[PDB]
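A.B. asks: The following block contains the structure, expressed as structure tokens.
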Amino acid sequence: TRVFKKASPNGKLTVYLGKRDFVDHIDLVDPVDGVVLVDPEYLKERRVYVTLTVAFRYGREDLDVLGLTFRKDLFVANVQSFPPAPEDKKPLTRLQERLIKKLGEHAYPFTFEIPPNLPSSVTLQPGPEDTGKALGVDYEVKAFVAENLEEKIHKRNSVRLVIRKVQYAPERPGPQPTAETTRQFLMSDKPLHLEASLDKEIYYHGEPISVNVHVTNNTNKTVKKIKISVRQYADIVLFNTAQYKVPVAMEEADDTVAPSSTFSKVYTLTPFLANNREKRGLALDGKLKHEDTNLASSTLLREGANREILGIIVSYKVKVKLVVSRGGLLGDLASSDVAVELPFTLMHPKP
Amino acid sequence: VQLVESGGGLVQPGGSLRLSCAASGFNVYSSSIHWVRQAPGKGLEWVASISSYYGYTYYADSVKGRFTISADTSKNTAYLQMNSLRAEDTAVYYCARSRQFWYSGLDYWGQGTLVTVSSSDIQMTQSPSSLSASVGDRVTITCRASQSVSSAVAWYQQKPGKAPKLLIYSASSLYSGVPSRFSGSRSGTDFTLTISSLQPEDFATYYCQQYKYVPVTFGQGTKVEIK
Amino acid sequence: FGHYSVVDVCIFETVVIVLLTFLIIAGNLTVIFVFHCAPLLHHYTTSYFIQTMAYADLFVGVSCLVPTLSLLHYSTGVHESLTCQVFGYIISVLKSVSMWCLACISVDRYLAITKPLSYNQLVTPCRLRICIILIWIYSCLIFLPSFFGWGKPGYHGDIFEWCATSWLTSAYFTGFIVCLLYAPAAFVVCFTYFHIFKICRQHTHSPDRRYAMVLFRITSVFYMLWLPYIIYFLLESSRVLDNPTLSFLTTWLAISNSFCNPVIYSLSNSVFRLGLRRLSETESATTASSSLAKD
Ligand SMILES: Cc1nn(-c2cccc3cc(Cc4cccc(C(F)(F)F)c4)sc23)c(CO)c1C(=O)NCCO
């Protein structure tokens with residue numbers, strides 16, 4: 001069919017790979033697979049080693065430092081290739097067998113394995129002013145020829161191709177995302193009831209949000225404005241639990257409701273990248289070199305998973321926030337507001 | 001699930017026309033509405049495309065700086081302004097929809113509007129130019145690409161009058177809705193699909209598309225007749 | 001050592017205090033540069049708090065390094081009066097805002113242990129900006145009587161002449177400063193960290209909890225270096241004792257607290273530890289496809 005080839009700049013170390021884009025399920029991991037073809041006449045005694053380093057880039061997009069490099073890798077697995085692992089008999093795959101049959105016995109294969117508790121390949125938005133290596137988590141597969149792990153990797157004889165790990169939709173969804181929060185003011189003990197609902201929980205990217213609001217304003221106050229906005233929650237977990245609250249698409253409507261009156265009509269929202277070009281700190285799903293992609297697919301995890309170990313976790317929650325008026329015997333136009341959370345997993349389907 | 005086309009007519013040279021196509025059931029933020037031109041008695045050629053999710057606007061060599069294409073998400077409609085029409089712009093325009101994520105050929109098309117005027121670049125090559133065959137004759141049409149695309153090609157069976165439909169994409173999988181007899185294969189830069197059981201309905205002109213680089217363009221064109 | 005020698009020859013402990021200022025400005029520069037060249041916003045609530053604390057202590061280092069030059073750079077002894085007043089005021093306000101900001105760190109990152117189910121609802125960016133504005137307004141308003149003429153606010157600005165030989169503190173002022181800046185600080189830190197330590201015991205615990213192993217360290221050393229200032233403020237102003245050298249040592253410790261604090265903070269968290277433990281040591285082709293034969 002088709003197999004990707006990268007090859008060394010020198011023209012000696014060539015790495016094959018089945019699928020650049022790799023899926024990940026809740027409790028099952030798609031394994032990477034590939035073979036390495038190199039001229040043994042060149043490799044007199046040097047051993048070819050192939051690794052997978054899940055880089056986390058966080059420092060700007062400028063040049064590196066003498067010793068800092070502002071990087072860390074959450075998982076580095078190295079597997080020997082020369083000789084073809086005589087100690088351990090790896091479970092050779094159908095793809096690996098076909099690849100070794102296409103070429104001769106010169107090539108030697110390799111195989112990795114990814115623990116499920118690892119972040120999906122997401123790169124944060126570089127921004128307009130930045131020009132360089134992007135932020136976020138970026139997978140990598142590199143094969144080098146050397147004699148020891150501690151030895152320097154000769155870049156002039158080093159091959160590197162970027163893979164991406166991306167999660168795909170759950171075919172069976174839950175019932176619905178619903179939440180209803182009321183608020184009682186100090187002036188009167190007649191709180192108003194707010195209800196919000198969505199069409200489904202999993203949304204294919206670009207599909208329209210269908211928020212269904214329902215307010216029963218029983219208090220002696222008026223709702224000035226209604227704000228609906230899907231907010232990207234990019235829970236960066238490096239050694240902390242830092243959280244971001246970048247909005248993606250906010251639609252407003254001055255549909256005021258009189259006191260002691262109800263109001264229920266559905267709104268439509270669509271999250272897209274065309275008008276979010278300048279929003280620095282946004283999370284985007286995957287980048288090979290610079291090709292524009294969609295927004296960050298919601299990285300679902302298995303129920304009860306250790307959610308305090310991963311690299312970057314993004315999730316999408318829509319806010320139904322409406323602003324009220326502080327009119328009365330002694331009050332100004334400025335007042336507070338009541339908002340309700342609603343989570344939904346907007347992320348790709350499976351072909 | 002379908003897209004309509006409107007705005008046809010006859011415009012003198014130097015005129016303008018804001019021909020527009022409207023689609024229902026296709027989210028504009030999930031589908032990149034395309035725009036193609038079939039010359040009178042010649043081959044179809046892509047002219048413009050807008051991918052509303054990204055806010056981009058790609059053109060072609062004869063299209064860049066000539067006409068303007070825009071769309072709005074409110075009416076789910078795309079309006080193509082054919083400003084500064086010339087003699088070479090005389091063609092029929094079909095409004096086509098493709099999945100704006102992971103391009104998979106042109107799924108849905110439109111009726112089309114005929115436009116007439118009165119008072120780097122790569123080119124796929126399709127062979128044979130013409131052919132006449134009967135029922136049960138194994139026929140293969142080869143689309144040879146000058147520059148090797150990454151296994152991402154599509155084939156369209158355009159009957160006379162009606163808009164072309166999609167049968168294959170990436171030369172491997174057939175679109176849901178076509179009979180299983182259709183197939184396809186990749187051989188280097190040469191792309192070939194097989195038509196053996198030539199039914200009376202399947203006898204129509206075939207066209208090869210390569211959706212790899214910008215200025216996406218069709219090939220040369222083939223025809224299927226009865227021997 | 002020399003006495004009443006600001007205009008006679010020179011003073012020798014200027015070297016000690018300039019060493020303290022150099023350490024303070026170095027630690028604060030490295031913390032600010034770490035948090036600005038690598039924008040990470042870690043623990044977003046505590047991020048603005050600790051960044052503004054680093055800002056405030058950098059300002060205190062610069063403003064108390066001003067005497068190191070403008071004590072003997074020119075013909076000193078003409079217009080130091082308002083200079084001493086404003087300098088003591090600004091250094092005391094900066095130290096107050098540093099301490100109250102640490103206390104507010106403790107009270108804000110305490111809800112992440114007890115009430116994390118709606119933690120991202122009580123604390124927002126606008127609320128924290130209002131809290132910082134309120135903290136600076138509170139420090140300015142509590143130390144306004146120092147410039148108003150009711151007394152001098154501690155022994156921060158005794159490096160000059162009038163405010164070392166002529167100015168005297170007021171018991172009604174030390175009681176005020178203890179009662180509404182330091183005693184509430186002790187109250188907040190106690191009522192927060194006791195509850196925290198009641199929960200650090202395991203049920204047999206997150207990055208939100210592993211910050212306690214460094215924040216408890218920070219506040220513990222801060223109070224270790226802060227202990228011989230409240231006692232001396234309550235002692236000398238109440239006319240029970242007065243020791244020049246002991247006052248100098250205590251004040252030097254209490255200003256060097258903000259030099260030792262950022263150094264051990266950067267030495268605690270691994271965003272800067274990776275910048276030291278790894279830094280102390282010191283073209284491609286086109287990804288083209290091929291052809292694999294099918295079955
Ligand atoms: C010069 C001098 N030092 N001193 C002192 C003697 C004994 C104790 C202290 C404590 C001080 C407060 C401070 C301590 C450390 C850092 C700082 C800081 F502001 F720099 F941060 C401020 S000054 C000072 C005097 C007293 O009069 C003089 C002087 O004016 N003429 C000498 C008369 O013997």
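Following the order of the structure tokens, first chain is A, next is B, and so on, with residues numbered from 1 inside each chain and ligands from 1 in the order they appear.
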Among region 71-146 of chain A, which ones does DSSP assign to helix (DSSP H, G or I) (computed from the backbone)? Answer as JSON, numbers by chain.
C.D. replies: {"A": [94, 95, 96, 97, 98, 99, 100, 101, 102]}
A.B. asks: Could you list, as a compact mmCIF listing (two decimals) with N, CA and C atoms, in the first residue's frame, every residue of chain B that has an atom within 9 Å of an atom of chain C, counting only C-alpha atoms?
C.D. replies:
# COMPACT_ATOMS: atom_id res chain seq x y z
N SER B 150 0.76 12.16 -3.29
CA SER B 150 0.84 11.22 -2.17
C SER B 150 -0.41 10.35 -2.08
N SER B 187 -0.06 2.98 -9.10
CA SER B 187 1.20 2.42 -9.61
C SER B 187 2.16 3.59 -9.83
N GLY B 188 2.92 3.94 -8.79
CA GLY B 188 3.84 5.06 -8.90
C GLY B 188 3.09 6.36 -9.12
A.B. asks: Tell me which protein, DNA and RNA residues are within 9 Å of residue 26 (chain B), counting only C-alpha atoms, leaving out same-chain ones fewer than 4 positions away, and put them as a VMD selection string.
C.D. replies: chain B and resid 1 to 3 30 to 31 76 97
A.B. asks: At a cut-off of 8 Å around ligand 1, and using only C-alpha atoms and all ligand atoms, what residues come up? Please write them as a VMD selection string.
C.D. replies: chain C and resid 1 to 6 11 13 to 14 17 to 18 21 64 to 65 67 to 68 88 91 155 to 165 243 to 252 255
A.B. asks: Could the residues of chain A within 7 Å of chain C, counting only C-alpha atoms, be given as a list in words, please?
C.D. replies: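 Output check: residues 1, 2, 3, 4, 5, 6, 7, 9, 58, 59, 60, 67, 68, 99, 102, 239, 240, 241, 242, 243 and 308 of chain A.
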A.B. asks: For chain A versus chain B, which residues have an atom no more than 7 Å away, and what is each residue's nearest atom pair and distance in Å rounded to one decimal, using only C-alpha atoms, chain-then-number order, as JSON lines?
C.D. replies:
{"residue": "A:206", "atom": "CA", "partner": "B:30", "partner_atom": "CA", "distance": 4.8}
{"residue": "A:207", "atom": "CA", "partner": "B:30", "partner_atom": "CA", "distance": 6.3}
{"residue": "A:272", "atom": "CA", "partner": "B:53", "partner_atom": "CA", "distance": 5.7}
{"residue": "A:273", "atom": "CA", "partner": "B:54", "partner_atom": "CA", "distance": 5.9}
{"residue": "A:274", "atom": "CA", "partner": "B:54", "partner_atom": "CA", "distance": 4.5}
A.B. asks: What parts of region 87-316 of chain A does DSSP call strand (DSSP E)? I'd like the answer as an MDAnalysis selection string.
C.D. replies: chainID A and resid 108:111 122:124 136:138 141:146 158:161 164:167 178:179 193:197 202:203 209:217 223:236 246:253 261:263 266:269 283:285 312:316
A.B. asks: Kindly indicate which residue among B:125, B:23, B:214, B:139 lies nearest to residue 57 (chain B), using only C-alpha atoms for the distances.
C.D. replies: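 Looking at the shortest contact to residue 57 (chain B), the residue is B:214.
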A.B. asks: Which residues are near residue 59 (chain B)? Cut-off 7 Å, only C-alpha atoms, ignore same chain within fewer than 2 positions. Put them as a PyMOL selection string.
C.D. replies: chain B and resi 47-49+57+63-64+215
A.B. asks: Let me see the file: selected residues, N, CA and C atoms, as a CSV table (one decimal), in the first residue's frame.
C.D. replies:
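Output saved as again.csv:
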chain,number,residue,atom,x,y,z
B,47,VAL,N,-11.5,26.4,-10.1
B,47,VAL,CA,-11.2,27.9,-10.2
B,47,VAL,C,-11.0,28.5,-8.8
B,48,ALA,N,-11.9,28.1,-7.9
B,48,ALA,CA,-11.8,28.8,-6.6
B,48,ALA,C,-12.4,27.8,-5.5
B,49,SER,N,-11.9,28.1,-4.2
B,49,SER,CA,-12.4,27.3,-3.1
B,49,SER,C,-12.2,28.1,-1.9
B,57,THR,N,-8.7,31.4,1.4
B,57,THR,CA,-9.3,31.6,0.1
B,57,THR,C,-8.2,31.3,-0.9
B,63,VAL,N,-7.3,32.7,-12.0
B,63,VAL,CA,-8.3,33.2,-11.1
B,63,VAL,C,-7.8,34.2,-10.1
B,64,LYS,N,-6.5,34.1,-9.8
B,64,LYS,CA,-6.0,35.0,-8.7
B,64,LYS,C,-6.1,36.4,-9.2
B,215,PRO,N,-3.6,24.8,-6.1
B,215,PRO,CA,-4.0,24.8,-7.5
B,215,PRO,C,-4.4,23.3,-7.9
A.B. asks: Neighbours of residue 85 (chain A) within 12 Å (only C-alpha atoms; same-chain residues fewer than 3 positions away dropped), as a PDB file with C-alpha atoms, in the first residue's frame?
C.D. replies:
ATOM      1  CA  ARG A  47      25.017   0.209  16.794  1.00  0.00           C
ATOM      2  CA  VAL A  48      21.793   1.767  15.501  1.00  0.00           C
ATOM      3  CA  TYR A  49      19.418   2.811  18.289  1.00  0.00           C
ATOM      4  CA  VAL A  79      15.078  -0.250  21.816  1.00  0.00           C
ATOM      5  CA  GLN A  80      18.135  -1.851  20.231  1.00  0.00           C
ATOM      6  CA  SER A  81      18.187  -2.587  16.512  1.00  0.00           C
ATOM      7  CA  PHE A  82      21.712  -3.864  15.793  1.00  0.00           C
ATOM      8  CA  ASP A  88      14.148 -10.918  23.393  1.00  0.00           C
ATOM      9  CA  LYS A  89      11.849 -12.217  20.647  1.00  0.00           C
ATOM     10  CA  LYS A  90       9.481  -9.313  20.047  1.00  0.00           C
ATOM     11  CA  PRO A  91       5.967 -10.079  18.749  1.00  0.00           C
ATOM     12  CA  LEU A  92       6.640  -9.359  15.074  1.00  0.00           C
ATOM     13  CA  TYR A 108      16.099  -5.032  11.312  1.00  0.00           C
ATOM     14  CA  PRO A 109      12.764  -4.121  12.919  1.00  0.00           C
ATOM     15  CA  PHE A 110      11.746  -2.368  16.127  1.00  0.00           C
ATOM     16  CA  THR A 111       8.645  -1.970  18.264  1.00  0.00           C
TER      17      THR A 111
END
A.B. asks: Which residues, written as JSON, numbers by chain, have at least one atom at most 12 Å from region 176-186 of chain A, with only C-alpha atoms counted and residues fewer than 4 positions away on the same chain left out?
C.D. replies: {"A": [172, 190, 191, 192, 193, 194, 195, 196, 197, 198, 199, 200, 201, 202, 203, 210, 211, 212, 213, 214, 215, 216, 217, 218, 219, 220, 221, 316, 317, 318, 319, 320, 321, 322, 324, 325, 326, 328, 335, 336, 337, 338, 339, 340, 341, 342, 343, 344, 345]}
A.B. asks: Kindly indicate which residue among A:69, A:205, A:154, A:323 lies nearest to residue 226 (chain A), using only C-alpha atoms for the distances.
C.D. replies: A:323
A.B. asks: So which residues touch residue 53 (chain C) within 12 Å, counting only C-alpha atoms, skipping near sequence neighbours fewer than 2 positions away, as a ChimeraX atom specification?
C.D. replies: /C:28,31-32,46-51,55-60,94-105,132,135-136,258-259,261-262,265
A.B. asks: Take the residues from that selection and write them out as a short mmCIF file (atom, residue, chain, number, x, y, z; two decimals), in the first residue's frame, keeping N, CA, C and O atoms.
C.D. replies:
data_model
loop_
_atom_site.label_atom_id
_atom_site.label_comp_id
_atom_site.auth_asym_id
_atom_site.auth_seq_id
_atom_site.Cartn_x
_atom_site.Cartn_y
_atom_site.Cartn_z
N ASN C 28 15.78 38.00 42.98
CA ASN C 28 14.54 38.48 42.39
C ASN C 28 14.65 38.60 40.88
O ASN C 28 13.68 38.32 40.17
N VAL C 31 14.22 35.01 39.57
CA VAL C 31 12.84 34.53 39.64
C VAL C 31 11.97 35.23 38.60
O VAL C 31 11.17 34.58 37.91
N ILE C 32 12.13 36.54 38.46
CA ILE C 32 11.35 37.28 37.47
C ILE C 32 11.68 36.80 36.06
O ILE C 32 10.79 36.64 35.22
N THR C 46 -1.81 31.14 42.36
CA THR C 46 -0.59 31.54 43.06
C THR C 46 0.41 32.21 42.14
O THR C 46 1.39 32.79 42.63
N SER C 47 0.21 32.16 40.82
CA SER C 47 1.21 32.69 39.90
C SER C 47 1.32 34.20 40.01
O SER C 47 2.43 34.73 40.19
N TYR C 48 0.20 34.93 39.92
CA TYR C 48 0.28 36.38 40.06
C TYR C 48 0.72 36.77 41.46
O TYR C 48 1.44 37.76 41.62
N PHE C 49 0.31 36.01 42.48
CA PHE C 49 0.73 36.30 43.84
C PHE C 49 2.25 36.25 43.97
O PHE C 49 2.88 37.21 44.42
N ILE C 50 2.85 35.14 43.55
CA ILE C 50 4.29 35.01 43.76
C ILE C 50 5.06 35.92 42.81
O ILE C 50 6.14 36.40 43.16
N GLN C 51 4.51 36.21 41.63
CA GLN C 51 5.20 37.14 40.74
C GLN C 51 5.18 38.56 41.31
O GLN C 51 6.19 39.27 41.24
N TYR C 55 8.24 40.94 42.43
CA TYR C 55 8.32 42.34 42.03
C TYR C 55 8.54 43.25 43.23
O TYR C 55 9.41 44.13 43.21
N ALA C 56 7.73 43.07 44.27
CA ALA C 56 7.81 43.93 45.44
C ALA C 56 9.16 43.81 46.12
O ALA C 56 9.74 44.82 46.54
N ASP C 57 9.68 42.59 46.23
CA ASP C 57 10.97 42.46 46.88
C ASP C 57 12.11 42.93 45.99
O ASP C 57 13.14 43.39 46.50
N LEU C 58 11.97 42.85 44.66
CA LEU C 58 12.97 43.47 43.80
C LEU C 58 12.98 44.98 44.00
O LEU C 58 14.05 45.60 44.05
N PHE C 59 11.80 45.58 44.12
CA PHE C 59 11.74 47.00 44.40
C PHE C 59 12.35 47.32 45.76
O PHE C 59 13.02 48.35 45.91
N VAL C 60 12.14 46.46 46.76
CA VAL C 60 12.72 46.74 48.07
C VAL C 60 14.23 46.63 48.01
O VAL C 60 14.95 47.42 48.63
N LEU C 94 6.85 48.00 51.11
CA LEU C 94 7.21 46.85 50.29
C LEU C 94 7.32 45.58 51.12
O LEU C 94 6.87 44.52 50.70
N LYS C 95 7.92 45.67 52.31
CA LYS C 95 8.01 44.47 53.13
C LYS C 95 6.64 44.03 53.63
O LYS C 95 6.36 42.83 53.69
N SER C 96 5.78 44.98 53.98
CA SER C 96 4.42 44.63 54.38
C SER C 96 3.67 43.94 53.26
O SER C 96 2.95 42.96 53.50
N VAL C 97 3.81 44.43 52.03
CA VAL C 97 3.09 43.81 50.93
C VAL C 97 3.67 42.44 50.63
O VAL C 97 2.93 41.52 50.29
N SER C 98 4.99 42.26 50.79
CA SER C 98 5.55 40.93 50.62
C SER C 98 4.97 39.95 51.63
O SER C 98 4.54 38.85 51.28
N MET C 99 4.90 40.36 52.90
CA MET C 99 4.42 39.45 53.93
C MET C 99 2.94 39.14 53.75
O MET C 99 2.52 37.98 53.79
N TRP C 100 2.12 40.18 53.54
CA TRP C 100 0.70 39.96 53.36
C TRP C 100 0.41 39.18 52.08
O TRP C 100 -0.55 38.42 52.03
N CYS C 101 1.25 39.33 51.05
CA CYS C 101 1.07 38.55 49.84
C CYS C 101 1.39 37.09 50.08
O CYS C 101 0.72 36.21 49.54
N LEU C 102 2.40 36.79 50.90
CA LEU C 102 2.64 35.40 51.26
C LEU C 102 1.47 34.82 52.05
O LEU C 102 1.06 33.68 51.84
N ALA C 103 0.92 35.62 52.97
CA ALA C 103 -0.24 35.16 53.72
C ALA C 103 -1.42 34.91 52.79
O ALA C 103 -2.19 33.96 52.99
N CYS C 104 -1.59 35.76 51.78
CA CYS C 104 -2.68 35.56 50.85
C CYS C 104 -2.44 34.35 49.95
O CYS C 104 -3.39 33.68 49.54
N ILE C 105 -1.17 34.05 49.63
CA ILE C 105 -0.85 32.78 48.98
C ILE C 105 -1.35 31.62 49.82
O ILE C 105 -2.00 30.70 49.33
N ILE C 132 -4.88 42.12 44.76
CA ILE C 132 -3.55 42.74 44.78
C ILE C 132 -3.66 44.25 44.94
O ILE C 132 -2.90 44.87 45.69
N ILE C 135 -4.41 44.84 48.45
CA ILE C 135 -3.27 44.59 49.33
C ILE C 135 -2.31 45.78 49.31
O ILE C 135 -1.80 46.21 50.36
N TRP C 136 -2.10 46.38 48.14
CA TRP C 136 -1.21 47.54 48.08
C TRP C 136 -1.86 48.76 48.72
O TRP C 136 -1.19 49.53 49.42
N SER C 258 14.00 38.58 52.33
CA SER C 258 13.54 38.66 50.95
C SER C 258 14.66 38.44 49.95
O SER C 258 14.42 38.51 48.74
N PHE C 259 15.88 38.20 50.43
CA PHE C 259 16.97 37.72 49.59
C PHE C 259 17.09 36.20 49.67
O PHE C 259 17.35 35.54 48.66
N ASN C 261 14.55 34.20 50.56
CA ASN C 261 13.30 33.57 50.13
C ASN C 261 13.27 33.21 48.65
O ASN C 261 12.98 32.05 48.33
N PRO C 262 13.53 34.13 47.70
CA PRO C 262 13.45 33.72 46.28
C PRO C 262 14.51 32.71 45.90
O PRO C 262 14.26 31.87 45.03
N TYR C 265 13.17 29.47 46.99
CA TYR C 265 12.00 29.12 46.19
C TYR C 265 12.43 28.56 44.84
O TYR C 265 11.94 27.51 44.41
#
